[PDB]
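**Q** A single structure is presented below for examination.
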Amino acid sequence: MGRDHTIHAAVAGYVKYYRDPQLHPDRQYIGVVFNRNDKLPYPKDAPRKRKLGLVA
Amino acid sequence: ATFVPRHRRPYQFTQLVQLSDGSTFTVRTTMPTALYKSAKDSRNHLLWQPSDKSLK
Amino acid sequence: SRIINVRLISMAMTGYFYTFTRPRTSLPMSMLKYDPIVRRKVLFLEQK
Amino acid sequence: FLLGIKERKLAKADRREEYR
Amino acid sequence: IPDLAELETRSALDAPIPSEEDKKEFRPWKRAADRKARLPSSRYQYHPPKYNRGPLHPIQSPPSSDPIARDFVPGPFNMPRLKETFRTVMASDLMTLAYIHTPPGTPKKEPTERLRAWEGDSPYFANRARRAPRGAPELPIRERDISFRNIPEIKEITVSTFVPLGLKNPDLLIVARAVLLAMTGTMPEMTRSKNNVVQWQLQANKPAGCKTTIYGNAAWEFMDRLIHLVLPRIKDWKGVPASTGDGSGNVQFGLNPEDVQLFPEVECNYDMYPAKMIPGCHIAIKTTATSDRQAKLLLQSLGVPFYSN
Amino acid sequence: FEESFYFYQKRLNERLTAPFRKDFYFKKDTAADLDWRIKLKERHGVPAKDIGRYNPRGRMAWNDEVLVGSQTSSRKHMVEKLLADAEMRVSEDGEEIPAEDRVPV
Amino acid sequence: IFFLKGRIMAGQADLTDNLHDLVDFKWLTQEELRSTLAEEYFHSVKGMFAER
Amino acid sequence: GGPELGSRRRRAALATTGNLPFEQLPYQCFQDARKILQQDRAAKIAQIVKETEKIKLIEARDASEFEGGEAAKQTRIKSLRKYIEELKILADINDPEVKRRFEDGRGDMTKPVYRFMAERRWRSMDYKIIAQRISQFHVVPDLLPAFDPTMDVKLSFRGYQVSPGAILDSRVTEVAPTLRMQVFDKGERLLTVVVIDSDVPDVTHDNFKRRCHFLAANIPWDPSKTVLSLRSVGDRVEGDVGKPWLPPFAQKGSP
Amino acid sequence: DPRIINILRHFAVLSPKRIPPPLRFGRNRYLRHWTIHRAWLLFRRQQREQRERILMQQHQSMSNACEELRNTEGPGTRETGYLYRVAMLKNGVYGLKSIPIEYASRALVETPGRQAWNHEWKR
Amino acid sequence: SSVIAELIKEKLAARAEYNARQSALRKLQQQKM
RNA sequence: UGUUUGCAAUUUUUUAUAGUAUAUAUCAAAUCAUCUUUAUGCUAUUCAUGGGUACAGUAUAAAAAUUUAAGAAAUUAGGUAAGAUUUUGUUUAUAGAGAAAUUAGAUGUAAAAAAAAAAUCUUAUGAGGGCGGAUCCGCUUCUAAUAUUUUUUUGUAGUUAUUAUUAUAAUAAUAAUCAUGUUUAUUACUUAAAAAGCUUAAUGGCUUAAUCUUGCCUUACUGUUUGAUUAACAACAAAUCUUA
Ligand SMILES: NC(=O)c1ccc[n+]([C@@H]2O[C@H](COP(=O)([O-])OP(=O)(O)OC[C@H]3O[C@@H](n4cnc5c(N)ncnc54)[C@H](O)[C@@H]3O)[C@@H](O)[C@H]2O)c1
Ligand SMILES: [K+]
Ligand SMILES: [K+]
Ligand SMILES: [Mg+2]
Ligand SMILES: [Mg+2]
Ligand SMILES: [Mg+2]
């Protein structure tokens with residue numbers, strides 16, 4: 001989130017509009033998933049899905 | 001960093017309060033007097049002793 | 001007229017400066033800023 | 001400071017002994 | 001027994017009471033004098049921090065109970081006669097006076113939701129905001145029955161003094177601050193005006209009074225001085241109005257300036273305050289009661305006469 | 001335990017409460033002031049009458065805990081000292097009343 | 001028998017010209033009370049007792 | 001008056017004062033407060049004998065008698081057994097010497113009392129920081145679905161204690177670390193130590209893989225043992241080393 | 001003005017800089033205070049548990065009598081539980097004259113008065 | 001103050017030793033600067 | 001000799017010793033300005049300005065102090081850390097006090113403790129599962145975790161007291177039960193909407209912080225640079241956000 005509340009992607013991926021009742025009961029969030037078939041919000045107990053993002 | 005305020009209390013004494021009936025009890029007060037002889041009190045007021053005829 | 005633009009001159013005598021605004025009915029400005037000539041944080045003081 | 005008063009007070013006592 | 005074996009065998013609480021001979025040779029005043037030296041200091045030199053940065057800061061503050069702590073207040077010094085009197089005798093009566101017998105197998109009452117929701121067949125009712133409090137804008141607290149587990153008691157007392165004229169004569173606030181100092185035994189906190197009125201010359205956000213709050217035994221002792229030494233001496237006093245009460249178990253009333261000097265703490269030094277600078281105070285007695293009638297009943301149990309307002 | 005505890009806490013109050021200003025209760029050079037000063041000298045400067053002899057300040061302030069059997073912490077000793085103070089020791093002229101001509105309370 | 005509880009502000013009990021056939025009266029503590037009254041009569045009225 | 005007696009204040013105060021136990025100091029309030037706790041510990045020990053003999057009666061009782069069978073008999077002895085443990089801790093939690101012995105490190109950790117205070121010390125600060133390191137560094141849910149630590153673990157490299165979550169040098173972390181573990185539970189159990197590196201970069205599949213840098217098992221540990229050196233896991237102490245200590249390393253460029 | 005200065009001198013003493021500092025106890029003194037603290041809190045428990053035990057017993061006695069009273073009948077041609085329903089009424093309990101001022105006003109005192117009790121009181 | 005003097009001497013020596021070391025190293029820093 | 005005078009009590013570090021990496025002591029720093037004359041004076045008494053005497057735990061003559069409220073005022077707005085979380089209005093009551101002045105209030109619940117059976121999905125960097133083409137992709141069984149069921153149940157004690165039976169104890173029922181803790185308890189969840197506050201109108205947002213309070217600060221930094229504003233304003237330029 002920027003200064004004026006503008007939301008930007010931090011990673012390459014696909015935009016996903018969802019609601020996280022575990023995080024906040026009455027908020028709606030925007031995310032970015034590395035796999036288009038994934039669904040948010042990710043279960044709090046699942047391992048974090050992250051990409052290396054480096055070249056050798 | 002919330003400040004921890006220190007209590008500012010004045011010197012206190014232990015005073016004997018002798019009511020108009022002669023009964024004496026101990027109290028914690030700030031006055032320097034040792035014995036407070038009370039000539040007038042609830043034990044010598046008609047409003048608190050409506051049935052008493054001596055005060056009537 | 002109420003606000004003036006002052007110049008905070010470096011005290012490393014490197015000639016770098018910072019310009020900030022402040023009201024006339026106030027005290028002179030004085031800050032610890034980064035001088036890019038010597039590449040170190042030095043004391044900057046108002047010009048006059 | 002405190003010990004200084006001790007030496008000065010003790011010194012004053014020696015002057016007083018001679019007076020007495 | 002194996003359970004007893006797990007206990008600390010070197011128990012110090014089971015040691016014999018000290019003897020008399022050893023008691024005679026224990027003279028803390030002689031030990032220091034004979035040494036003629038300063039004992040080395042201990043390496044444990046932890047002192048309570050002046051500021052609590054947070055729960056994970058390396059240096060933490062101790063609980064207020066600890067004597068070294070900067071919030072420590074010496075414990076009780078005596079038993080207030082009014083706190084003893086109420087609990088020993090009065091308490092059994094209030095429980096007896098106000099009692100409603102519940103059958104043996106009465107089902108527990110389920111408290112109703114005071115913020116109602118919309119239930120019905122209209123598709124709009126699902127996501128409607130919870131309804132407002134029915135009646136008053138703010139929800140009033142529900143009364144608790146007087147049982148052996150809930151006996152109304154006095155908790156704290158707040159004495160508040162408002163001195164509008166102080167703004168112009170700053171010496172009215174200094175004297176006012178001193179009166180509440182000796183009357184209650186605490187350091188009053190100055191208060192500021194909040195409204196602006198040109199007719200009354202009242203200006204907003206300026207120091208125009210002080211207040212104090214005494215808790216625990218200090219509150220009980222304050223009631224003793226009020227009910228038995230101050231209030232009986234007021235001339236032509238009728239009693240506490242029967243309309244007093246905020247609807248939650250708190251009683252409030254006001255004293256006149258000539259009755260504030262009747263306090264035993266104020267009269268002894270009545271000549272130390274400049275003339276006609278003694279203020280009037282508002283005394284708010286906060287109790288554990290949950291209703292106005294339960295509070296008035298409590299005060300009646302402590303010898304407080306009420307008059308029909 | 002209650003008696004010992006109160007005495008223990010009363011002495012702790014000496015080390016944490018503000019000092020007593022006699023000027024706030026007695027006017028200088030009066031019967032009350034002079035009478036308070038004489039009795040204050042008998043108490044060795046302690047403005048209180050139920051805590052014995054203890055100085056919150058000084059090199060010997062640490063010794064605030066009485067030994068076993070201390071009559072000072074008893075209630076009979078408190079009432080005795082407090083009643084030995086209510087008697088006036090100075091007449092209205094500022095002269096110390098003789099010890100034999102003092103009226104007990 | 002249902003026993004109510006009463007508080008006496010002042011005065012003394014007088015058995016003169018009593019309607020009920022009462023002979024003597026005495027004010028006893030909780031300790032002396034159990035010795036005078038019967039066991040069953042005492043076991044029923046001991047729940048009303050107080051600390052002191 | 002050597003260093004084996006304590007600090008300079010003790011060695012100094014132990015030669016200018018009298019020889020008398022701390023519990024026997026002739027102080028009014030201290031001896032009047034020790035008499036209240038005295039008859040209390042006697043009342044708690046008198047309760048442990050009444051609850052102990054009450055279990056035998058319930059133990060030697062046919063399950064058929066209980067209206068709930070054998071299930072209602074184990075839940076009644078469960079609450080009784082737990083009620084005894086609290087009485088054993090409440091019998092010495094007020095002792096002034098037990099507090100002194102535990103603070104001086106000379107307390108026996110095989111007794112419930114000392115383990116109760118030792119656990120109340122760990123939770124006060126040490127648990128809080130490690131509970132924070134687990135969340136902030138994303139140990140959970142990365143490694144485990146949910147984890148609430150129950151024992152203390154402090155690792156030191158070459159004597160110097162390293163704080164939790166501290167970037168260490170590749171030379172300092174070249175030898176097996178020493179674990180200063182304190183267990184607050186009763187009995188002796190086997191503890192398995194696994195050091196896993198969860199940030200090994202795999203450039204082929206564009207993701208991270210997990211690499212185990214140390215693995216050991218079958219390590220007997222009691223609440224009286226404090227230090228464990230990961231070097232002598234199979235030489236001095238009993239244990240099975242699945243994989244010896246691998247020097248941590250991190251290639252240039254990767255976080 | 002001189003009287004006001006006397007007032008200020010009282011507040012100047014209560015200033016945070018003038019008041020005494022936080023206590024500084026050694027280990028032996030601190031441990032001794034810990035026992036005094038520990039015992040006092042336990043002593044309150046015993047007074048609390050004792051005060052709460054008596055309050056519980058009294059309530060049970062009232063409930064027993066009330067529950068029993070509800071089942072009884074009479075006197076004479078009165079329906080069962082009439083007396084129970086009459087006892088639960090709270091007429092004047094929350095009024096102004098509910099509890100007599102004299103009984104409540106009298107409190108416990110360390111020592112008795114000149115006349116501890118008045119037997120000459122007449123209706 | 002028979003045995004305490006011996007202990008105080010160990011205290012004074014330790015303080016004096018460090019005070020000498022502090023001055024023996026502060027002089028070194030003033031040479032590198 | 002900083003740190004409370006009766007004795008290994010906080011964290012890290014320095015040094016030393018024993019020791020084969022641990023252990024104790026020691027040192028420094030952080031946390032905190034606790035006040036420190038061992039008596040030299042005072043007090044009482046006595047004896048000729050003076051000389052003694054006093055014997056101290058019920059401590060003492062032997063140190064109660066020895067050479068003008070900022071926590072009553074300032075509406076100070078940014079970085080960062082911590083703490084607090086309805087502050088507005090309305091309403092109730094409250095000496096002076098009135099339509100209009102201050103203060104105190106204004107939701108409810110929980111805190112001994114569960115175990116166990118199957119089912120419905122969903123997930124898993126779980127079994128490197130199996131089969132097609134360890135990790136990719138499509139199929140997939142098993143375990144695990146979350147969610148859900150009103151599901152299938154079992155247990156719901158112990159402690160204090162009461163009552164009932166039984167021979168102070170046992171059993172059953174009933175009521176209470178967050179409490180080893182300075183009751184001003186504490187901690188967690190909950191408490192419609194509007195309103196207050198956030199440099200200024202209006203709109204949206206924030207109460208889990210963007211508000212408020214406090215501590216230390218001045219990144220309101222220098223150079224270059226990324227991706228966007230469905231390719232800013234339907235061009236260009238001046239602009240806005242953002243990355244390294
Ligand atoms: N505070 C707790 O630890 C605690 C624990 C369980 C229950 N409760 C409940 O809280 C309510 C009040 O607690 P409480 O019973 O401890 O009240 P309390 O009377 O014992 O304590 C209240 C205040 O009075 C003081 N006090 C108590 N006894 C005293 C005495 N003998 N002499 C002088 N001062 C004394 C205390 O220091 C405290 O400040 C009760 O209903 C009780 O059941 C409290
Ligand atoms: K700030
Ligand atoms: K609201
Ligand atoms: Mg802001
Ligand atoms: Mg408001
Ligand atoms: Mg365009």
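Here's how to read the names in the structure tokens: chain A, B, ... by the order shown, residue numbers from 1 in each chain, ligand numbers from 1 in the order shown.
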Around ligand 5, out to 10 Å and counting only C-alpha atoms (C1' of nucleotides) and all ligand atoms, which residues are there? I want them as a PDB file with N, CA and C atoms (P, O5', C5', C4', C3', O3' and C1' of nucleotides), in the first residue's frame.
**A**
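File produced: result25.pdb:
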ATOM      1  P     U K  86     -12.983   2.444  23.964  1.00  0.00           P
ATOM      2  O5'   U K  86     -13.717   3.713  23.344  1.00  0.00           O
ATOM      3  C5'   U K  86     -13.443   5.021  23.831  1.00  0.00           C
ATOM      4  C4'   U K  86     -14.612   5.950  23.618  1.00  0.00           C
ATOM      5  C3'   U K  86     -15.925   5.500  24.253  1.00  0.00           C
ATOM      6  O3'   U K  86     -16.664   6.638  24.693  1.00  0.00           O
ATOM      7  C1'   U K  86     -16.203   5.684  21.914  1.00  0.00           C
ATOM      8  P     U K  87     -16.564   7.131  26.219  1.00  0.00           P
ATOM      9  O5'   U K  87     -15.397   8.214  26.197  1.00  0.00           O
ATOM     10  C5'   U K  87     -15.608   9.498  25.630  1.00  0.00           C
ATOM     11  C4'   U K  87     -14.316  10.109  25.150  1.00  0.00           C
ATOM     12  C3'   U K  87     -14.450  11.300  24.210  1.00  0.00           C
ATOM     13  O3'   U K  87     -14.651  12.523  24.900  1.00  0.00           O
ATOM     14  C1'   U K  87     -12.848   9.765  23.354  1.00  0.00           C
ATOM     15  P     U K  88     -16.129  13.125  25.092  1.00  0.00           P
ATOM     16  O5'   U K  88     -16.671  13.307  23.606  1.00  0.00           O
ATOM     17  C5'   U K  88     -16.332  14.451  22.836  1.00  0.00           C
ATOM     18  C4'   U K  88     -17.271  14.619  21.670  1.00  0.00           C
ATOM     19  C3'   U K  88     -18.731  14.853  22.026  1.00  0.00           C
ATOM     20  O3'   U K  88     -19.016  16.210  22.314  1.00  0.00           O
ATOM     21  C1'   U K  88     -18.585  13.145  20.402  1.00  0.00           C
ATOM     22  P     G K  89     -20.003  16.594  23.522  1.00  0.00           P
ATOM     23  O5'   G K  89     -21.429  16.076  23.037  1.00  0.00           O
ATOM     24  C5'   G K  89     -22.073  16.656  21.912  1.00  0.00           C
ATOM     25  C4'   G K  89     -23.187  15.777  21.402  1.00  0.00           C
ATOM     26  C3'   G K  89     -24.307  15.485  22.390  1.00  0.00           C
ATOM     27  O3'   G K  89     -25.272  16.520  22.456  1.00  0.00           O
ATOM     28  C1'   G K  89     -23.596  13.466  21.400  1.00  0.00           C
ATOM     29  P     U K  90     -25.947  16.909  23.861  1.00  0.00           P
ATOM     30  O5'   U K  90     -26.884  15.665  24.194  1.00  0.00           O
ATOM     31  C5'   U K  90     -27.914  15.270  23.300  1.00  0.00           C
ATOM     32  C4'   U K  90     -28.454  13.906  23.644  1.00  0.00           C
ATOM     33  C3'   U K  90     -28.951  13.727  25.070  1.00  0.00           C
ATOM     34  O3'   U K  90     -30.266  14.219  25.259  1.00  0.00           O
ATOM     35  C1'   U K  90     -27.548  11.917  24.498  1.00  0.00           C
ATOM     36  P     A K 196     -18.168  15.094  14.165  1.00  0.00           P
ATOM     37  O5'   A K 196     -17.274  14.840  15.458  1.00  0.00           O
ATOM     38  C5'   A K 196     -17.524  15.546  16.663  1.00  0.00           C
ATOM     39  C4'   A K 196     -16.519  15.195  17.732  1.00  0.00           C
ATOM     40  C3'   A K 196     -15.057  15.343  17.346  1.00  0.00           C
ATOM     41  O3'   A K 196     -14.593  16.679  17.430  1.00  0.00           O
ATOM     42  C1'   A K 196     -15.382  13.263  18.417  1.00  0.00           C
TER      43        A K 196
END
**Q** Skipping near chain neighbours, those fewer than 5 positions away, what residues fall within 12 Å of residue I:5 using only C-alpha atoms (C1' of nucleotides), listed as a ChimeraX atom specification?
**A** /E:171,174-175,178,272-274 /F:23-24 /I:10-12 /K:68-69
**Q** Need to verify the contact set: residue C:30, 10 Å, only C-alpha atoms (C1' of nucleotides), exclusion of same-chain residues closer than 2 positions in sequence. Can you return it as a PDB file with N, CA, C and O atoms (P, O5', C5', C4', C3', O3' and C1' of nucleotides), in the first residue's frame?
**A**
ATOM      1  N   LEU C   8      20.336  26.318   5.340  1.00  0.00           N
ATOM      2  CA  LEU C   8      21.121  25.631   6.363  1.00  0.00           C
ATOM      3  C   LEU C   8      22.464  25.254   5.754  1.00  0.00           C
ATOM      4  O   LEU C   8      22.561  24.307   4.971  1.00  0.00           O
ATOM      5  N   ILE C   9      23.504  25.992   6.116  1.00  0.00           N
ATOM      6  CA  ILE C   9      24.838  25.795   5.561  1.00  0.00           C
ATOM      7  C   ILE C   9      25.569  24.746   6.385  1.00  0.00           C
ATOM      8  O   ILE C   9      25.514  24.750   7.619  1.00  0.00           O
ATOM      9  N   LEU C  27      12.907  30.893  16.287  1.00  0.00           N
ATOM     10  CA  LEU C  27      14.349  30.859  16.459  1.00  0.00           C
ATOM     11  C   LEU C  27      15.020  30.325  15.203  1.00  0.00           C
ATOM     12  O   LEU C  27      14.371  29.715  14.348  1.00  0.00           O
ATOM     13  N   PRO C  28      16.325  30.544  15.051  1.00  0.00           N
ATOM     14  CA  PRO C  28      17.024  29.998  13.885  1.00  0.00           C
ATOM     15  C   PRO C  28      17.041  28.478  13.908  1.00  0.00           C
ATOM     16  O   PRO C  28      16.980  27.846  14.965  1.00  0.00           O
ATOM     17  N   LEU C  32      21.015  18.179  12.164  1.00  0.00           N
ATOM     18  CA  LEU C  32      22.091  17.240  11.862  1.00  0.00           C
ATOM     19  C   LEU C  32      21.699  16.541  10.565  1.00  0.00           C
ATOM     20  O   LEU C  32      20.823  15.672  10.560  1.00  0.00           O
ATOM     21  N   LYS C  33      22.341  16.927   9.469  1.00  0.00           N
ATOM     22  CA  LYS C  33      21.997  16.442   8.142  1.00  0.00           C
ATOM     23  C   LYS C  33      23.198  15.748   7.514  1.00  0.00           C
ATOM     24  O   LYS C  33      24.309  15.766   8.049  1.00  0.00           O
ATOM     25  N   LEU C  43      26.888  18.962  11.235  1.00  0.00           N
ATOM     26  CA  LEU C  43      25.965  19.946  11.782  1.00  0.00           C
ATOM     27  C   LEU C  43      25.716  21.034  10.745  1.00  0.00           C
ATOM     28  O   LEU C  43      26.661  21.661  10.256  1.00  0.00           O
ATOM     29  N   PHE C  44      24.448  21.254  10.413  1.00  0.00           N
ATOM     30  CA  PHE C  44      24.036  22.315   9.506  1.00  0.00           C
ATOM     31  C   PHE C  44      23.403  23.436  10.317  1.00  0.00           C
ATOM     32  O   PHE C  44      22.582  23.178  11.203  1.00  0.00           O
ATOM     33  N   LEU C  45      23.783  24.675  10.014  1.00  0.00           N
ATOM     34  CA  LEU C  45      23.294  25.840  10.734  1.00  0.00           C
ATOM     35  C   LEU C  45      22.735  26.854   9.748  1.00  0.00           C
ATOM     36  O   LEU C  45      23.155  26.915   8.590  1.00  0.00           O
ATOM     37  N   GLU C  46      21.782  27.651  10.224  1.00  0.00           N
ATOM     38  CA  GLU C  46      21.189  28.684   9.388  1.00  0.00           C
ATOM     39  C   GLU C  46      22.259  29.666   8.927  1.00  0.00           C
ATOM     40  O   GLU C  46      23.229  29.942   9.636  1.00  0.00           O
TER      41      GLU C  46
ATOM     42  P     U K 218      19.205  13.606  15.255  1.00  0.00           P
ATOM     43  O5'   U K 218      18.185  13.936  14.079  1.00  0.00           O
ATOM     44  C5'   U K 218      17.923  12.984  13.054  1.00  0.00           C
ATOM     45  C4'   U K 218      16.927  13.511  12.054  1.00  0.00           C
ATOM     46  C3'   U K 218      17.346  14.797  11.346  1.00  0.00           C
ATOM     47  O3'   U K 218      16.827  14.816  10.018  1.00  0.00           O
ATOM     48  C1'   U K 218      15.359  15.181  12.561  1.00  0.00           C
TER      49        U K 218
END
**Q** Within 9 Å of ligand 1, counting only C-alpha atoms (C1' of nucleotides) and all ligand atoms, which protein or nucleic acid residues do you find, written as number ranges by chain?
**A** E: 75-80, 83-84, 149-151, 215-217; F: 2, 6; I: 40-41, 43-45, 47-49, 51-52; K: 178-185
**Q** Could you jot down the atom CA of residue E:220 to atom CA of residue E:74 separation for me, Å, one decimal place?
**A** 17.2 Å
**Q** Would you kindly report the residues of chain C within 7 Å of chain K, using only C-alpha atoms (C1' of nucleotides), as a ChimeraX atom specification?
**A** /C:31,34,36
**Q** Residues within 9 Å of ligand 4 (only C-alpha atoms (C1' of nucleotides) and all ligand atoms), as a PyMOL selection string?
**A** chain K and resi 77-78+198+210-211
**Q** Would you save the residues of that selection, restricted to N, CA, C and O atoms (P, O5', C5', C4', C3', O3' and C1' of nucleotides), as a PDB file, in the first residue's frame?
**A**
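What ended up in selection-v3.pdb:
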ATOM      1  P     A K  77       1.443  17.939  18.699  1.00  0.00           P
ATOM      2  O5'   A K  77       1.024  17.351  17.280  1.00  0.00           O
ATOM      3  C5'   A K  77       2.009  16.828  16.398  1.00  0.00           C
ATOM      4  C4'   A K  77       1.484  16.671  14.993  1.00  0.00           C
ATOM      5  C3'   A K  77       2.552  16.640  13.908  1.00  0.00           C
ATOM      6  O3'   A K  77       2.136  15.800  12.833  1.00  0.00           O
ATOM      7  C1'   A K  77       1.147  18.508  13.568  1.00  0.00           C
ATOM      8  P     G K  78       2.327  14.210  12.940  1.00  0.00           P
ATOM      9  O5'   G K  78       3.662  13.938  12.119  1.00  0.00           O
ATOM     10  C5'   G K  78       3.738  14.230  10.733  1.00  0.00           C
ATOM     11  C4'   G K  78       5.158  14.149  10.235  1.00  0.00           C
ATOM     12  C3'   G K  78       5.923  12.891  10.611  1.00  0.00           C
ATOM     13  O3'   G K  78       5.627  11.785   9.777  1.00  0.00           O
ATOM     14  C1'   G K  78       7.251  14.768  11.092  1.00  0.00           C
ATOM     15  P     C K 198      -8.155  17.365  15.038  1.00  0.00           P
ATOM     16  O5'   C K 198      -7.401  16.302  14.125  1.00  0.00           O
ATOM     17  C5'   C K 198      -6.180  15.719  14.553  1.00  0.00           C
ATOM     18  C4'   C K 198      -5.686  14.681  13.579  1.00  0.00           C
ATOM     19  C3'   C K 198      -5.682  15.081  12.114  1.00  0.00           C
ATOM     20  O3'   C K 198      -4.566  15.878  11.760  1.00  0.00           O
ATOM     21  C1'   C K 198      -6.624  12.926  12.340  1.00  0.00           C
ATOM     22  P     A K 210      -0.782   3.521  11.942  1.00  0.00           P
ATOM     23  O5'   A K 210      -1.295   4.786  11.124  1.00  0.00           O
ATOM     24  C5'   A K 210      -0.679   6.061  11.263  1.00  0.00           C
ATOM     25  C4'   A K 210      -1.663   7.168  10.981  1.00  0.00           C
ATOM     26  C3'   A K 210      -2.680   7.426  12.086  1.00  0.00           C
ATOM     27  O3'   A K 210      -3.017   8.812  12.128  1.00  0.00           O
ATOM     28  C1'   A K 210      -3.808   6.716  10.128  1.00  0.00           C
ATOM     29  P     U K 211      -2.305   9.780  13.193  1.00  0.00           P
ATOM     30  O5'   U K 211      -3.408   9.977  14.322  1.00  0.00           O
ATOM     31  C5'   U K 211      -4.552  10.781  14.086  1.00  0.00           C
ATOM     32  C4'   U K 211      -5.503  10.738  15.253  1.00  0.00           C
ATOM     33  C3'   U K 211      -4.893  11.049  16.610  1.00  0.00           C
ATOM     34  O3'   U K 211      -4.790  12.440  16.856  1.00  0.00           O
ATOM     35  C1'   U K 211      -6.175   9.079  16.768  1.00  0.00           C
TER      36        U K 211
END
**Q** Produce a table with one row for each residue of chain F that has an atom at most 10 Å from any atom of chain B, each row naming the nearest atom pair and its distance in Å at one decimal; use only C-alpha atoms; arrange rows by chain and rising residue number; format as a Markdown table.
**A**
| residue | atom | partner | partner_atom | distance |
| --- | --- | --- | --- | --- |
| F:10 | CA | B:13 | CA | 8.8 |
| F:13 | CA | B:11 | CA | 7.9 |
| F:14 | CA | B:11 | CA | 7.6 |
| F:16 | CA | B:9 | CA | 8.1 |
| F:17 | CA | B:11 | CA | 5.4 |
| F:18 | CA | B:10 | CA | 5.0 |
| F:19 | CA | B:11 | CA | 6.1 |
| F:20 | CA | B:11 | CA | 5.7 |
| F:21 | CA | B:11 | CA | 9.0 |
| F:22 | CA | B:32 | CA | 8.6 |
| F:24 | CA | B:31 | CA | 9.9 |
| F:25 | CA | B:32 | CA | 7.6 |
| F:26 | CA | B:32 | CA | 9.6 |
| F:36 | CA | B:32 | CA | 9.5 |
| F:47 | CA | B:32 | CA | 7.8 |
| F:48 | CA | B:13 | CA | 6.0 |
| F:49 | CA | B:14 | CA | 7.8 |
| F:50 | CA | B:14 | CA | 7.0 |
| F:51 | CA | B:14 | CA | 9.5 |
| F:78 | CA | B:14 | CA | 8.8 |
| F:79 | CA | B:16 | CA | 7.9 |
| F:81 | CA | B:34 | CA | 9.0 |
| F:82 | CA | B:34 | CA | 5.6 |
| F:83 | CA | B:35 | CA | 7.0 |
| F:84 | CA | B:34 | CA | 9.0 |
| F:85 | CA | B:34 | CA | 6.3 |
| F:86 | CA | B:35 | CA | 5.8 |
| F:87 | CA | B:35 | CA | 9.4 |
| F:105 | CA | B:35 | CA | 9.8 |
**Q** Pick out the residues no farther than 12 Å from ligand 2, counting only C-alpha atoms (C1' of nucleotides) and all ligand atoms, and list them as a list in words.
**A**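 So the residues close to ligand 2 are residues 1 of chain B; 76, 77, 78, 79, 80, 81, 82, 212, 213, 214, 215, 216, 217 and 218 of chain K.
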**Q** Identify, on the basis of only C-alpha atoms (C1' of nucleotides), every residue whose closest approach to residue H:173 does not exceed 7 Å; exclude the query and any residue fewer than 2 positions from it along the same chain; express the result as a list in words.
**A**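 With the cut-off at 7 Å, the set is residues 157, 168, 169, 170, 171, 175, 247 and 248 of chain H.
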**Q** Any chance you can output those residues with N, CA, C and O atoms as a compact mmCIF listing (two decimals), in the first residue's frame?
**A**
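File out_24.txt, as written:
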# COMPACT_ATOMS: atom_id res chain seq x y z
N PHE H 157 27.73 -20.66 21.05
CA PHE H 157 28.81 -21.04 20.13
C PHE H 157 30.14 -20.64 20.75
O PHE H 157 30.42 -19.45 20.93
N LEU H 168 24.92 -14.75 12.66
CA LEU H 168 26.25 -15.10 13.13
C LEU H 168 27.20 -15.27 11.95
O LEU H 168 26.79 -15.48 10.81
N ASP H 169 28.49 -15.16 12.25
CA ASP H 169 29.52 -15.29 11.23
C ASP H 169 29.74 -16.76 10.88
O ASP H 169 29.47 -17.67 11.66
N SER H 170 30.26 -16.98 9.67
CA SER H 170 30.50 -18.34 9.21
C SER H 170 31.64 -19.01 9.95
O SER H 170 31.73 -20.24 9.95
N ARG H 171 32.51 -18.23 10.59
CA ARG H 171 33.60 -18.79 11.39
C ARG H 171 33.15 -19.12 12.81
O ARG H 171 33.55 -20.15 13.36
N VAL H 175 31.68 -24.88 14.67
CA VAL H 175 31.75 -26.02 15.56
C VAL H 175 30.36 -26.28 16.13
O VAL H 175 29.51 -25.38 16.18
N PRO H 247 28.82 -27.47 8.85
CA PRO H 247 29.02 -26.03 9.01
C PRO H 247 28.00 -25.24 8.21
O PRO H 247 27.91 -25.39 6.98
N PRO H 248 27.20 -24.39 8.86
CA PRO H 248 26.28 -23.53 8.11
C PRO H 248 27.02 -22.66 7.10
O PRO H 248 28.10 -22.15 7.37
